[PDB]
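Working notes for the structure below.
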Amino acid sequence: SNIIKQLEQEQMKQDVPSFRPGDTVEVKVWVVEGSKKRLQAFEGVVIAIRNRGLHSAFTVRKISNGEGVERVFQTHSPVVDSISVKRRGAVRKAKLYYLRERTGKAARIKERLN
Amino acid sequence: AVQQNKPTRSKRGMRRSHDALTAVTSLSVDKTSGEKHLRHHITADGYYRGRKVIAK
Amino acid sequence: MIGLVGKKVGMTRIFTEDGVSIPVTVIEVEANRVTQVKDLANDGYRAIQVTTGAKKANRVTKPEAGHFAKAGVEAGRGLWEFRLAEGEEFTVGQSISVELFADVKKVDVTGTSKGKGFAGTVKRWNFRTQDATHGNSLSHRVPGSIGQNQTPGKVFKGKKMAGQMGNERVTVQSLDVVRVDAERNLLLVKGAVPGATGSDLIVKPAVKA
Amino acid sequence: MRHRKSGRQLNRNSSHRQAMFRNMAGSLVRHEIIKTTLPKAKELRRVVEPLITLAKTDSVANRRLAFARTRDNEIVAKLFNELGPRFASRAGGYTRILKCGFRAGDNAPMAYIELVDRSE
Amino acid sequence: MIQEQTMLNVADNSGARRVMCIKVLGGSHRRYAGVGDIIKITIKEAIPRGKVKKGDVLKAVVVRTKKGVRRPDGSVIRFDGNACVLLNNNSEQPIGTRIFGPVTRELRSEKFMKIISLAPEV
Amino acid sequence: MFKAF
RNA sequence: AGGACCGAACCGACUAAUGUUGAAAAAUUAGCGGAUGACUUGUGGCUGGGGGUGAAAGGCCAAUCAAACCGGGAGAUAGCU
RNA sequence: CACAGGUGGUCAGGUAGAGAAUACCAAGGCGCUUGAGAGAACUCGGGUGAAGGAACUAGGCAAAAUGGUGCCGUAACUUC
RNA sequence: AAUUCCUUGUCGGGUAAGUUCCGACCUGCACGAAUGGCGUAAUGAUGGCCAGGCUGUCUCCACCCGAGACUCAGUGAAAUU
RNA sequence: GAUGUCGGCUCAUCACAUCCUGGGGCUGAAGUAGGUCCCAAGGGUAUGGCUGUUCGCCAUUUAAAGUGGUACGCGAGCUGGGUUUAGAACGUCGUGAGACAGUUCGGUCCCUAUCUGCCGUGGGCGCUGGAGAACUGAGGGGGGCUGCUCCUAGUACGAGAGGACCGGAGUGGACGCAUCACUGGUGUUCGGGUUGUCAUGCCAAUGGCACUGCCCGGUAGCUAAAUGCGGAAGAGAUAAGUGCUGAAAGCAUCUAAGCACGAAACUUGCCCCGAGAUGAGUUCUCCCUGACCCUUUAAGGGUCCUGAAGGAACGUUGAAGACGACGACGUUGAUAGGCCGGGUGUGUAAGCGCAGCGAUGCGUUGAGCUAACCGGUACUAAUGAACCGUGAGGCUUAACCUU
Ligand SMILES: [Mg+2]
Ligand SMILES: [Mg+2]
Ligand SMILES: [Mg+2]
Ligand SMILES: [Mg+2]
Ligand SMILES: [Mg+2]
Ligand SMILES: [Mg+2]
Ligand SMILES: [Mg+2]
Ligand SMILES: [Mg+2]
Ligand SMILES: [Mg+2]
Ligand SMILES: [Mg+2]
Ligand SMILES: [Mg+2]
Ligand SMILES: [Mg+2]
Ligand SMILES: [Mg+2]
Ligand SMILES: [Mg+2]
Ligand SMILES: [Mg+2]
Ligand SMILES: [Mg+2]
Ligand SMILES: [Mg+2]
Ligand SMILES: [Mg+2]
Ligand SMILES: [Mg+2]
Ligand SMILES: [Mg+2]
Ligand SMILES: [Mg+2]
Ligand SMILES: [Mg+2]
Ligand SMILES: [Mg+2]
Ligand SMILES: [Mg+2]
Ligand SMILES: [Mg+2]
Ligand SMILES: [Mg+2]
Ligand SMILES: [Mg+2]
Ligand SMILES: [Mg+2]
Ligand SMILES: [Mg+2]
Ligand SMILES: [Mg+2]
Ligand SMILES: [Mg+2]
Ligand SMILES: [Mg+2]
Ligand SMILES: [Mg+2]
Ligand SMILES: [Mg+2]
């Protein structure tokens, strides 16, 4: 699969930062409003990350206007511009799917002060 | 579920035409010990490919 | 129009500046050496016999190697034929590469499907499964009735039944050509194609047009 | 379907299958040569050989890991004291399978499995 | 994936709390209604003194689903619950005057520009 | 088993 | 105190599946009812066929019951096959 | 029948537990008299499941679910 | 109505839609007072109906773990004809 | 001396007196939308509430929710709710035993497939020397549905309301095919958390059992809900039908001679099987160039020499597979395992120190472990051979190469 590796390698984003499950991440995504392009910020807690090279993706959960929302971002897609870690959280599990059943105080994540 | 007529000897024989066994095509000879054996199997005295694989 | 024989390297994702992701099957098309030309005067039809790849010299039968020697070509994986229309001609030993598809918008891909072995009617023919409860006795996913009593007194030919599924030639039509990379002998086609990774693959111009 | 899957079930559940190879693996370490059915010998390769690789480097953590996979201190001592040093230079392939006909009781195919350095 | 017998929350102030889908319009044997699809619904719970009452048969457009919405780049947007906006049966126009919760871009059509304008997010 | 009346 | 309550042994047999040339001529598996009482159980005894016994289903009376089983009248009779 | 049935008493260990339930063990006794491979349909006994949640069906059949201690609290109807 | 033929009677409730269910009407084919009438707390492996929870019951099946099925060695049936 | 019922489920197949889609004639057909008749069977031709129901009514959809035959198709395929055993009760009839196309509650659905048929998959032989490949395509099968929006055009039409045909574009429903790149499911062969108990002497650390003990995540593979594609244009001959020229019949007349158009039907076009197509085809390569002996002297038998092409067998095995089969490889070798490196998944191992009375926390440390995956590596196993298969391939005639 060296052919696939070269094809995927040539189009992998290079400025991807380092982030982990449980850290609050803000992602800038291109949104097209007619002819004019625009950027909107989606900020939330990273509850799941899959690393597959070009096919890597991560899931961000946020509560917006009283409704829970989950977005699965393709990290290397051109749609996403930059990733910023506003806060670093310490968790014991790779996947935080249990957060879906909690809200408010029960959903708090302790900060990772390494 | 069960037959309506007794099948004949002929039908019985034809069904058994494919039940015949096949003999081993040939038997390999150990390079040094000299006993005939199945290919890729050790000989009676434990030899294989000219080396005494098994002590017994 | 003449096609080419390639190998299913795998599947990949191609990103576009507009933000759209195109799933592309990567097909490697090495040099296609023509081994024989079929003529009306001798064979009754116009076609070209081609071979691709290489195979170990210890396993090329001189009946096959002699065929390659006749055309002065190195033995390939196998032999395939393509029909010739009125306007195209070729010479024995000519090497054809992936640029032939550089001017082709759509291609036709054929290959052997993945073998599912002995498949039941539910999997093979999308038969509806019967009740899993409510008294059903050993007939949860059985085919059911297969006839209409005495009047026909038989099962009609072509009745859908359990049997071998897959492992057969299949053609997928009207696949967009995303990109042609003649510097690495690769062809990218949108969508999936029959067969597993590394299987022989035949690519032809879209007949449907 | 069985596409690209590995590991023979051998008509046993996971618990029984795991236990059998733990005992058989210890037997091969204790006795440099054993007799068993051909399919079992092939499956055993994926159990005993990794243990020998673990014994290549001697450490408290590795010994405890070996103990968890054999549950026999005598085998663990054999792995790290004798087998490890002997196979220090070999890059895998610490076991060899030899076919020895068929079992009289049920005609099962039998094959000897042994360490490659049994020569003495 | 919205079918018959599925319960949906109401994302508008028409007065209904949760409605019951009774038909997936737009085809024969059609069984699924994603975001932006119109469905026939019956109101099950509603607030008093609202402009709609329990037992009314209307149609609504799905604005949020647990199964989520797929984007061209492969990204998927999921919501914690299914929601819909009630529409007038004859004119297929929104009945409520305010939308609750985030809305998805797939309803960016001339027939649903009213919902997008009134939506709080995107 | 069966009956016919 | 209780023909009281929950629940094992014990005695029952409501549902489902399996089995239906069964492991079994009535069972197994998972649930289920009673479980100090009109309870259950060991040993022995008594009631005999137009009779017994029956909280009553024509149930049961040795895998047999709108009249048990065995022998006899008997080679009943059969305008039927 | 070397049959997944039936058959009355006596003895009653350890940890957890209200317990002779249940789990793992002691003493003690066993692995049930065809095996070896393969890992198709289908059947049997089980595990998990995206979104929906009785739309199944004669019928929520079957499955899933509830499940223990204390403490708070508990309606109509009651022969109290 | 365990009783009603006509009959899915008529009206109301429940459902988006109810030959069933609940309430009422009385035109009771063919209720009725110890072969008992009408009520009735509690009880029921009892009949009908509804709701919450719950789910592969289903939309629509997918995967997996075991015992058969399949192959090899040994033993070796049956109904039927 | 036995042909098992209503309905449901599953799976269907045919007819055309056609429900939708297609082509037309009339219309009391302005348009839109209808009415009626003709041709057309290629495809398609609802989910629910009540009831055992078919049916029917009702709710809401659809381009339409066609009518029938097939033992009122289909119980050695399922179900057993209804009828139609034994129990019991109501009303009713009878003095009574009992009885009721009256109503109520409860109530055993057996069969391991011999043959035909059908769905798959092999063996044998044949195709006239043998062998390895690629093909021609006689034949056969699969596929054939359709909505909505936009443009043409608010144009034709109409007083207005309303509102096109004919042609284009886009996006859907259902169905079918393929595949795992993505989103997910599963993942009892990968990590981790945790309850009870037992054991490894003990602490520590681990293992067994308890549905995988209960759980949280998960690689490969499989897979749909996931995402790619498909139905067609085009051609030929036509149905109903509309026409050209044109007589029989000075006219007329689509017809008798001669021409043209005409539909999802038909033959092709697209996809798949296919020379057992015994009518057994074609093309391109490869292999064999010896002695004799007998009489029943002929497509004769037999001995010696010879054993080619190739195949089979065995072994390592496969995203091939029930078994056969099929594909890869066998040292002149990456076929499988292991090994090395990497990637995934889990989430900071063990040991030791540092803080705390302690549970525990922190440091070493994104550590340790890591299945099927990726790129490599002969460390292990794929043996030197034997086995099968031969030695120039009938006759007649013809056309050539000839003497
Ligand atoms: Mg396969
Ligand atoms: Mg049964
Ligand atoms: Mg079953
Ligand atoms: Mg016939
Ligand atoms: Mg077995
Ligand atoms: Mg276990
Ligand atoms: Mg009591
Ligand atoms: Mg009790
Ligand atoms: Mg029981
Ligand atoms: Mg009686
Ligand atoms: Mg008896
Ligand atoms: Mg007499
Ligand atoms: Mg007599
Ligand atoms: Mg026994
Ligand atoms: Mg116990
Ligand atoms: Mg299995
Ligand atoms: Mg689910
Ligand atoms: Mg239904
Ligand atoms: Mg139940
Ligand atoms: Mg349960
Ligand atoms: Mg009433
Ligand atoms: Mg009375
Ligand atoms: Mg009682
Ligand atoms: Mg056998
Ligand atoms: Mg008869
Ligand atoms: Mg046609
Ligand atoms: Mg209906
Ligand atoms: Mg209901
Ligand atoms: Mg019938
Ligand atoms: Mg039936
Ligand atoms: Mg039948
Ligand atoms: Mg019944
Ligand atoms: Mg009568
Ligand atoms: Mg300890």
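Labels below follow one simple rule: chain letters A, B, ... track the order of the sequence lines, proteins then strands, and each chain is numbered from 1. Heavy atoms only: backbone and side chains are in, while hydrogens, waters and symmetry mates are out.
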- J/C340 pairs with which nucleotide, Watson-Crick or G-U wobble, both distances below 3.5 Å? J/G375
Classify the nucleic acid contact of [X] as base, sugar-phosphate or nothing, counting any heavy atom under 4.0 Å across all strands shown.
X      : result
B/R39  : base
C/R128 : sugar-phosphate
D/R90  : sugar-phosphate
C/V193 : sugar-phosphate
C/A69  : nothing
D/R22  : sugar-phosphate
B/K36  : nothing
A/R92  : sugar-phosphate
B/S28  : base
D/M1   : sugar-phosphate

- Query: Which letters describe nucleotides 321-330 of chain J, given B = protein heavy atom under 4.0 Å from base, S = only from sugar-phosphate, - = neither?
  - Reply: BS------BB
- When every nucleotide of nucleotides 69-81 of chain I is labelled 5' to 3' by its protein contacts under 4.0 Å (heavy atoms), B for base, S for sugar-phosphate only, - for none, what sequence of letters results? ---SS-----BBB
- Item | Strand contacts (RNA chain J) in residues 71-81 of chain E, 4.0 angstrom heavy-atom criterion | E/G74, E/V76, E/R78
- Can you sort out which residues in residues 7-16 of chain D have a heavy atom within less than 4.0 Å of RNA chain J? Ascending by number, please.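 Those residues whose heavy atoms fall under 4.0 Å from RNA chain J, taken from residues 7-16 of chain D in numerical order, are D/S14, D/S15.
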- Under 3.5 Å, is there a donor-acceptor pair between the side chain of D/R103 and the main chain of D/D106?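 Between the backbone of D/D106 and the side chain of D/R103 there is no qualifying donor-acceptor contact (under 3.5 Å).
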- Message: Donor-acceptor pair, distance only, cut-off 3.5 Å: does the side chain of C/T51 make one with the backbone of C/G78?
- Response: yes
- Item | Audit row: D/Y94, D/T53, side-chain hydrogen bond (donor to acceptor under 3.5 Å, both in side chains) steps and yes/no | CA-CA 9 Å; D/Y94 320 110; D/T53 298; 3.1 Å; yes
Pair test for [N] and [M]: Watson-Crick or G-U wobble, both under 3.5 Å:
N      : M      : answer
J/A336 : J/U255 : no
G/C14  : G/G31  : yes
G/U53  : G/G59  : yes
H/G35  : I/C72  : yes
H/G37  : I/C70  : yes
J/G262 : J/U380 : no
J/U47  : J/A59  : yes
J/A239 : J/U85  : no
J/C11  : J/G73  : yes
J/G98  : J/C93  : yes

- Specify the separation, in whole Å, of atom CD1 of E/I22 and atom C1' of J/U47. 11 Å
Work out how far the [atom1] atom of [N] is from that of [M], and round it to whole angstrom.
N      : M      : atom1 : value
J/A76  : I/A79  : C1'   : 13 Å
H/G46  : J/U195 : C1'   : 24 Å
J/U364 : J/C222 : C1'   : 43 Å

- Got a sec, which residues hit side-chain contact (heavy atoms from CB on, under 4.5 Å) with D/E74, two or more places apart in sequence or on another chain? D/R30, D/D72
Are any protein N/O atoms closer than 3.5 Å to N/O atoms in nucleotides 132-136 of chain J? If there are, list each pair with its distance.
from   : atom 1 : to    : atom 2 : distance (Å)
J/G132 : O2'    : C/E64 : OE2    : 2.7
J/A134 : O2'    : C/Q49 : NE2    : 3.1
J/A134 : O2'    : C/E81 : OE2    : 3.1
J/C135 : OP1    : C/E81 : N      : 3.3
J/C135 : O2'    : C/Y45 : OH     : 2.4

Got a list of side-chain donor-acceptor pairs under 3.5 Å for residues 29-37 of chain E, not counting sequence neighbours?
from  : atom 1 : to    : atom 2 : distance (Å)
E/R30 : NH1    : E/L25 : O      : 2.9
E/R30 : NH2    : E/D37 : OD2    : 3.1
E/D37 : OD2    : E/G34 : N      : 2.7

- Task: May I have the step-by-step check of salt bridge (charged side-chain N to carboxylate O under 4.0 Å, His left out) for C/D200 and C/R77, ending in yes or no?
- Result: CA-CA 9 Å; C/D200 282 319; C/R77 269 202 308 281; 2.6 Å; yes
- For D/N13 and D/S15, test the side chains for any donor-to-acceptor distance below 3.5 angstrom and give the result as yes or no.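 Note: D/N13 and D/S15 side chains miss the donor-acceptor criterion.
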- Query: Considering heavy-atom distances to RNA chain J, does B/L38 or D/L54 have its closest nucleotide positioned more toward the 5' end?
  - Reply: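 Per heavy-atom nearest nucleotide, the more 5' residue is D/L54.
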- Which residue, C/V60 or A/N114, contacts RNA chain J at a nucleotide closer to its 5' end, judged by nearest heavy atom?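 Closer to the 5' end of RNA chain J: C/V60.
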- Any side-chain heavy atom of C/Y45 within less than 4.5 Å of one from C/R83?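 Result yes, sub-4.5 Å side-chain heavy-atom pair found.
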- At under 4.0 Å, does any side-chain N or O of C/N42 touch on OP1 or OP2 of J/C284? yes
- Query: Does a side-chain N or O from D/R96 land closer than 4.0 Å to OP1 or OP2 of J/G337, or not?
  - Reply: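 Answer no for this pair, as no side-chain N or O of D/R96 is under 4.0 Å from OP1 or OP2.
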Does the base of [N] carry an N or O that pairs as donor and acceptor with the side chain of [X] under 3.5 Å?
X      : N      : result
C/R124 : J/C119 : no
E/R30  : J/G147 : no
D/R64  : J/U206 : no
C/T121 : H/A41  : no

- Message: Reading RNA chain H from 5' onward, which residue's closest nucleotide shows up sooner: C/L138 or D/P39?
- Response: D/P39
- Query: Where each residue is assigned the nucleotide of RNA chain H containing its nearest heavy atom, which of D/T37 and C/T133 is assigned the position nearer the 5′ end?
  - Reply: D/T37
- Message: Test of understanding: with ring pair (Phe, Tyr, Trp, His ring centres under 6.0 Å), list the residues that count as partners of D/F102, not counting sequence neighbours.
- Response: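 Applying ring pair (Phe, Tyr, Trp, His ring centres under 6.0 Å) to D/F102 gives none.
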- Item | CZ/A/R92: more than 12 non-hydrogen atoms of other groups inside 6.0 Å |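 Open.
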- Item | Residues from residues 141-157 of chain C lying under 4.0 Å of RNA chain H - heavy atoms |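 Listed by number, they are C/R141, C/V142.
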- Message: Applying salt bridge (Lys or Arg N to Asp or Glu O under 4.0 Å) as the test, list every pair that has at least one member in residues 112-137 of chain C; sequence neighbours left out.
- Response: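 Residue pairs passing salt bridge (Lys or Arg N to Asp or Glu O under 4.0 Å), neighbours aside: none found.
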Look for any protein N or O under 3.5 Å of an N or O in nucleotides 48-51 of chain H and output each such pair with its distance, or none.
from  : atom 1 : to    : atom 2 : distance (Å)
H/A50 : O2'    : E/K67 : NZ     : 3.0
H/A50 : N3     : E/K67 : NZ     : 3.0
H/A51 : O2'    : E/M1  : O      : 2.9

- Consecutive-base stack H/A26 to H/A27 per 5.5 Å / 30° rule: yes
- Query: Sign of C1'-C2'-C3'-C4' at G/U47: does that make it north or south?
  - Reply: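 North pucker for G/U47.
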For residues 147-159 of chain C, please give each side-chain donor-acceptor pair under 3.5 Å, one per line with the distance, not counting sequence neighbours.
none

